[PDB]
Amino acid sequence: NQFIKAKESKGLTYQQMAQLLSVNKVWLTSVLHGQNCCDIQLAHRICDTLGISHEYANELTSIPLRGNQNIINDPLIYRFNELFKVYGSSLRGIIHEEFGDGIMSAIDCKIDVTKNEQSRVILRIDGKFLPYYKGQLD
């Protein structure tokens, strides 16, 4: 939020910042919002890109206590939740059939989000498949 305010002053888009720094747009956005962290060298570079002093680079490096903002009621966010309420079992079935018994990780995961021709929201999620342990003794 000290970082967001600084970004608005400069007239920078999240897209622009990501391209200047050569990093994933959604991840970088999450670092600035404090749901993720970076190494110190990127932190210094973020500070320069924005107006701010290198004394704030520390905050971007601290691991955060994540996933704890109550935002469930925001209509934009609810829709993503509704989407997995409706298609969840289908995604479960498809993933089981095509990858096997496992899950898609939320940790090793690259989100991308894009406006395409026709102005539709295109959200691409790219996650590691982790198979479940199968009881092997060595």
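Counting begins at 1, following the sequence as shown.
Averaged over CA atoms, B-factors in the entry run higher in 61-69 than in the other of 103-111 and 61-69. In this entry, 5-13 shows the higher mean Cα temperature factor of the pair 21-29 and 5-13. Ranked by C-alpha B-factor against the other modelled residues of its chain, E82 falls in the lowest third. Among the modelled residues of its chain, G51 has a C-alpha B-factor that falls in the highest third according to the deposited record.
Sort the modelled residues of the chain by CA B factor and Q41 lands in the highest third.
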